[PDB]
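Both blocks below hold the same protein chain, though in two forms, and each is given as structure tokens: structure 1 and structure 2.
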Structure 1
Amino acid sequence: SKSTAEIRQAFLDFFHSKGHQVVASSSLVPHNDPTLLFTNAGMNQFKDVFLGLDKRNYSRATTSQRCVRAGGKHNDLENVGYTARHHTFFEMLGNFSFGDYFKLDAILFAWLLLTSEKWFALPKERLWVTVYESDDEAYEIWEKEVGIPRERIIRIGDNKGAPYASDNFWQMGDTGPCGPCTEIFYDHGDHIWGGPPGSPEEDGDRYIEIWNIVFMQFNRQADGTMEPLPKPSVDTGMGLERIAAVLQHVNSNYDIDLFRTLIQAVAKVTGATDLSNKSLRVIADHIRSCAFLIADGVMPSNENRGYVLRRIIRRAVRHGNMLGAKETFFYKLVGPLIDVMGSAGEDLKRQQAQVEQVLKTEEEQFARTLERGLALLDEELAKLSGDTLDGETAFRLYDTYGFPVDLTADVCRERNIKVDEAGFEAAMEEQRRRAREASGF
């Protein structure tokens, strides 16, 4: 089967052969978008093109975009290690039409790449599609132009409980380009738990969302209103890791060549032997987001972007502790990461030493309180009555030991214990009030 690197290249070669300009991945950190925490989609760097505010010399493009979904609109941090399909850091394979072609050709390009004997040659019978319930045009295209049996074409409405809140209406953020979308799913087989999209068991890892094709139609305003974009356009994204899993005949993203090698490296540096422990997968995921974020300019801090980075690093270090790592380990995974990323790791390779030192320093800093804080948490959990850690304790772990509340919640979750988030926030607010009273005007 093809390597992850070969799949990345083949995707780009396909679209290039179809006249799409190959454009380099943007950074994970925007310089000119105040609404965006980290790059969460291939379309981010083309936002102004979709808005009609910018025009490129090309009207169609293709990229393999590094994305982090660990905050803001699209945040999958709490899914990591609990599913076979979710990462913080991942590559999104995309094609884009800037007032060029539209619905039919977008769908045809995707179906051709996926199912043609000349291309990925996926078994057509294992592919399912969803359309936005009101998108009769997309439904007809799949049914009559492509020829998907009706039983595998699923209509999805506003299933997220609000207008335009839907798995089939994609939004860049609370504001920005958005529109109805159609998604392609692959059935990994009945040996995996789960049902098809729209079903009660849709959330299982059996039927995996591979490729989202967005028909960009609106610019969402903060008040929730939808202003039409000047030219209906196309924004698509396919998870490189998810399509690699399909192509490499495995079911989990973590079983692709890239992650198998990386997970072996995690075992080596932590001293773990059971290659099935979920902490190995969590750490393998986390080094990707942490290392690339630092390469793209983020420094650990207690505010904004720096704090999200700090939170992920510390959670990774905590998982290393659970695995029994005896010495500083996280920075040692940068080399191994560079080795599996191919050309997509060039920005990280360029700054290897710098990224390693930032990670080493952060882990060493956290180690000043990690074990002591875990000791306290164990003490408090041992005498805890009920299923919920009190907010005062969570806040003490935060204030004294530098445990982000989500790190505390992560440890507790592994023991089926919840954290009183409201209580934590009340304690934080009480401290804010003390700070105000003491500081004065």
Structure 2
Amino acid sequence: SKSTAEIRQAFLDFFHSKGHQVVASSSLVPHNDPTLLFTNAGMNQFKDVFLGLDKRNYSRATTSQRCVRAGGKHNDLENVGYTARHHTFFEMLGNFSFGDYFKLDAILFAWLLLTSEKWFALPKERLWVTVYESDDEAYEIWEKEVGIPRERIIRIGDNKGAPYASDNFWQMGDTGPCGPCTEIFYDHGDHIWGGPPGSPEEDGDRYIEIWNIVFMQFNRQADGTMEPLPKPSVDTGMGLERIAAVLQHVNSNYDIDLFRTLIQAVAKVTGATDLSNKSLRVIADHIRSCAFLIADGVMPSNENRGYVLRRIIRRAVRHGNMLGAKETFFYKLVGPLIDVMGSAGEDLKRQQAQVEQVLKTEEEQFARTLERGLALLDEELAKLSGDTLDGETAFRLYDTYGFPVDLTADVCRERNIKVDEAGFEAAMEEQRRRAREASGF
């Protein structure tokens, strides 16, 4: 069928033929807003255009934005390797309307691309749509204009437990452009556990959310106030990996051509013999987030963006150890990654050597203490009464061996053991004030 690269280009070509300006992906590092750790959506670089503070020569655009959702806000790190649909690094295919077309055309564009014989040509029967409970306009558009059976049109209100807090109300953050949205789901088959959106089993991998179409209408204020945007606008986002899985007739993102080739590369450098397991998929995902973050200027450190990068690198190195890696391996995956990304991996190839050295240095540094740290964790788990590793042990693995608390928790999770992360932060704070007491500052 179609490769991931062909699907990415087809999406861009579709909207380009619909008068959309093709705009390059922005960096993973936000422009002078932290606050946000990482670019997590395609609309980020158009934020001020939605607010009406900035205007473009074009009124409609389309992008394939690289996103990282490993802190915040959206943090999907603990889903990586457990679900069929979650990555840290992923490309969000988006079309944008800046005071141009609104709900009807946005919905028609998406449906045409998905179901048309000229385009993706997906069977209408396997597509479910959600709307915001109060969004009657979106409901009637799906029902009367598109012709979706009412059975597969699901109203969702404030299911997160506060007003405007909803799976069908997309918000950028505590402030910024937002509005009710309509989301398109794909039924992967009854052989997979899961229910439709709204069911107690909606988290299953059967009904996977493919495309989120946001009808930008409000600028959310600090005080929780919704202030109307000057011009109603559209912000859409479709996971390239998720739509690629659908189009390549597989349930999992890790079964698409890109991740198949990438997982094969991981197995080659680690010596893994399994077709697929948690570690293989985690490392394949982690190299994408680590390599692209460094290419975008993020350097490993013990604070802020750098520490998130450091956490991901070291968790990937841990999984390499699980697979039985004998030598430094992580940096050897940059080449293979560049090859599978195509045009989306050109900002990376530009600095291959630099990214490779950073990852090599980082792994070698962590390798000093990794195995001795894993041995300590194993002897502490062997004498652990209860289901929770204490904070002192987690602090020790951090202070001496450089184990991030979530890395320690990742290992313990695989054995049904929890981590007292409150006791860890307490032990962390106690060290901070010892430094304050001793230093005087």
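Here, rigid core means the biggest group of C-alpha atoms that superpose within 1.5 Å across both forms. Counting starts at 1 with the first residue of structure 1 and goes up one by one along its sequence.
Looking at CA displacements between structures 1 and 2 with the core superposed, a shift of 2 Å or more is confined, among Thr361, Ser116, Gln221, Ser301, to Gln221. Relative to the superposed rigid core, the position of the CA of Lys383 differs between structures 1 and 2 by less than 2 Å. Core-superposed comparison between structures 1 and 2: the CA of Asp406 stays below a 2 Å shift. The Cα shift for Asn416 between structures 1 and 2, taken after rigid core superposition, is smaller than 2 angstroms. The two forms, fitted on their core, place the C-alpha of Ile192 1.0 Å apart, compared between structures 1 and 2. The shift recorded for the CA atom of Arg436 between structures 1 and 2 is 2.0 Å, with superposition on the rigid core. The two forms line up on their rigid core, and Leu77 then has its Cα shifted by 0.6 Å between structures 1 and 2.
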